[PDB]
Amino acid sequence: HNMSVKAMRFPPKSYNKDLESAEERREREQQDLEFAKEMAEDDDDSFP
Amino acid sequence: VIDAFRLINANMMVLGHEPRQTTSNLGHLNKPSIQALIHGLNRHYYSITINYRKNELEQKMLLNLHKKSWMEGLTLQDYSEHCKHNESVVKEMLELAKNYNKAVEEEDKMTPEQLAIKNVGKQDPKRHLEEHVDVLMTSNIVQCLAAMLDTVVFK
Amino acid sequence: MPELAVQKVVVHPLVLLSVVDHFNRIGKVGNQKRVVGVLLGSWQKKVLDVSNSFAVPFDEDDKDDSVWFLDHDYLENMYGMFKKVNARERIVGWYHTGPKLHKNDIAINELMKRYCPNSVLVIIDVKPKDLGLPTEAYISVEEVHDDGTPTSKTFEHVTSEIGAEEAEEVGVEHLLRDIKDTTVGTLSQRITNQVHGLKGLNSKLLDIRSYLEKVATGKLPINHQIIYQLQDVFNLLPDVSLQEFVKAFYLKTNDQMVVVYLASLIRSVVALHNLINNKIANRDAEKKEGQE
Amino acid sequence: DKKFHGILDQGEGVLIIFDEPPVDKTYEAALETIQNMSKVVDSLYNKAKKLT
Amino acid sequence: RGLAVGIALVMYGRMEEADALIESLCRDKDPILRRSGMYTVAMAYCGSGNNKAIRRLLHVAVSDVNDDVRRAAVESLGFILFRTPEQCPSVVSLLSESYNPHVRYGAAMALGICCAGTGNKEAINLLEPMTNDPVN
């Protein structure tokens with residue numbers, strides 16, 4: 001049970017070789033939605 | 001959650017010191033209170049920042065939560081209370097086992113989207129054989145050492 | 001007490017912090033001194049849940065024992081000040097900053113008792129050092145003795161510990177993210193309990209050994225009672241039923257392994273099936289790694 | 001017919017009645033789960049033969 | 001803070017003048033005397049292998065909400081790896097991906113300083129996806 005996890009380690013490693021910080025344009029699109037949301041709530045407040 | 005606030009002279013803001021209520025604070029951004037913080041942070045008050053002072057004497061005080069010189073290791077549960085525990089678990093092992101075979105035949109003949117959304121009766125999979133073995137074991141191992149240790153300690 | 005109206009004294013963390021803050025309020029050149037406050041709390045069974053406390057101006061001669069001063073008027077003002085803020089806050093006792101008991105204590109116990117019968121002391125420490133809790137609870141009882149000596153106000157020990165609320169919980173939680181104690185999982189947590197327990201037995205016994213050695217030589221008049229109890233101790237040690245006990249203990253262990261065996265085995269099979277899952281996911285990831 | 005766990009003795013006529021304790025289930029069960037776990041392992045073998 | 005900076009700025013290899021005190025410096029619950037308590041080590045061992053003194057300050061720097069140890073434990077690397085501005089991409093990479101905004105910042109000033117003299121593009125390919133991290 002220590003042995004076969006210690007060899008199971010390698011399959012996860014090939015996947016980590018695949019990006020695990022990818023889809024940065026999704027996150028940048030969300031960030032461009034939080035500037036529209038921030039001001040959506042200053043306009044639902046209706047307060048400057 | 002704990003903030004701090006200080007009102008700001010709204011009059012002086014109207015008079016042109018509106019960009020002059022900026023004292024030099026650091027920052028970290030808030031939102032859900034933008035309700036009254038859009039004229040709060042930016043008209044009526046602002047955000048102070050909070051810290052703490054973790055003394056070492058207070059830390060060595062709170063750190064206390066167990067007086068064990070009569071707890072475990074000088075005790076151990078009842079050995080007829082402890083067999084009635086094993087009985088129950090190691091029977092539940094059987095019940096779960098069967099369903100486990102029936103899951104290993106299924107997963108083989110299906111694609112991971114249908115085993116993904118499989119959230120009806122979580123009693124079937126690994127999750128419960130692990131959930132068990134780590135309570136069972138624990139128990140028992142130590143269940144285990146407690147008896148031995150006392151045999152020498154109070155020899 | 002003989003009365004089942006006291007037993008588990010449970011002090012919430014903010015009190016501990018409160019007496020440890022009080023010990024530095026006075027702390028100028030008046031430090032190195034017993035400081036005393038009153039314990040506010042609630043209770044309704046075998047408990048004395050302590051919650052709030054506030055220093056009471058207190059002085060005490062450093063060589064005499066009948067020269068102690070305690071502004072009880074201050075009490076009859078503040079007690080009401082805090083009642084006016086929280087109902088259900090009677091005076092359930094009073095705390096005394098250790099390091100241990102003083103002859104004078106019993107005297108105090110009767111100028112605090114003029115408020116609430118059952119009042120208890122709660123010796124709290126101003127120095128972390130003990131490995132058990134820094135919270136010992138005593139009651140002022142009285143008894144008769146087989147030797148025929150006049151009745152006395154002694155002090156009797158009652159079990160103690162600290163508890164918490166959601167509030168308390170969370171504040172403490174917040175204050176110990178520096179000294180993390182959660183990285184440690186279950187199994188090891190309880191092994192810790194069983195080594196740290198011996199760390200208690202060891203020093204308790206050690207203290208009795210220093211006492212016995214103290215009366216035998218470097219004389220300190222014998223108190224027959226201590227030695228009495230100390231005999232029950234050596235009769236209770238597990239010994240006389242040696243052979244049979246052996247043959248049984250071995251058997252119960254045997255069972256224990258049988259079930260450990262099963263546990264570790266299932267654990268193994270499950271982990272291995274996990275591995276098969278990794279290998280197959282790797283093959284099908286290798287068909288994708290090709291393509292275009 | 002198992003109605004009182006004894007042993008009759010001829011030549012002296014003594015009807016010995018030894019007391020017998022019950023066969024603990026903590027084993028019988030584990031016999032059954034080891035038993036079952038095999039079946040698992042087999043089917044798991046066939047899942048092994050497919051990926052590789 | 002202005003005394004911490006004044007103890008740090010005066011070491012250029014004279015070695016343990018306040019480092020011998022590091023077992024107490026880095027033992028004060030104060031943040032000024034732990035940050036200083038690693039700056040002085042930053043500047044007296046410039047151009048050599050100070051490995052053990054960023055490591056002790058990642059598992060504990062994530063416990064001291066004070067970035068006084070998060071920012072500096074990493075902005076350290078910006079000097080001890082000034083010598084060779086081309087091992088820096090290989091050991092702050094483990095360190096920008098990791099969560100903890102403070103750590104990112106520190107790694108970005110660990111690159112800003114030392115891989116500016118060579119302007120190496122293994123620093124830049126790593127710097128761009130840090131420019132896109134959300135926290136302002």
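This entry, so its header tells us, was determined using electron microscopy, 3.9 Å.
Quick reminder: no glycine exception, Cβ is built from N, Cα and C everywhere.
Listed in Swiss-Prot:
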type	residues	note
CROSSLNK	C:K180	ubiquitin cross-link
DOMAIN	C:9-144	domain 'MPN'
MOD_RES	C:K204	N6-acetyllysine
MOD_RES	C:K214	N6-acetyllysine
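A helical conformation is recorded for C:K214 (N6-acetyllysine) in the three-state DSSP classification.
A gap of 15 Å separates the Cα atoms of C:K204 (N6-acetyllysine) and C:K214 (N6-acetyllysine).
For the pair C:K214 (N6-acetyllysine) and C:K180 (ubiquitin cross-link), the C-alpha distance works out to 42 angstrom.
Non-local contacts of C:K180 (ubiquitin cross-link) by the CB criterion (under 8 A, 6+ apart in sequence, same chain) are absent. Chain B has a C-beta under 8 angstroms from the C-beta of C:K204, taken from the recorded positions C:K180, C:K204, C:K214. For the recorded site, C:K204 (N6-acetyllysine), the DSSP three-state label reads helix. In sequence order, the recorded positions from C:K180, C:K204, C:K214 that place a Cβ under 8 angstroms from a chain E Cβ are C:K180. Taking H, G and I as helix, E and B as strand and the rest as coil, DSSP gives the domain 'MPN' (C:9-144) the counts 34 helix, 44 strand, 58 coil. Residue density at C:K214 (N6-acetyllysine): 11 other Cβ atoms are found within 10 A of its Cβ, drawing on all protein chains shown.
DSSP assigns the residue listed as 'ubiquitin cross-link' to coil, not to a helix or a strand.
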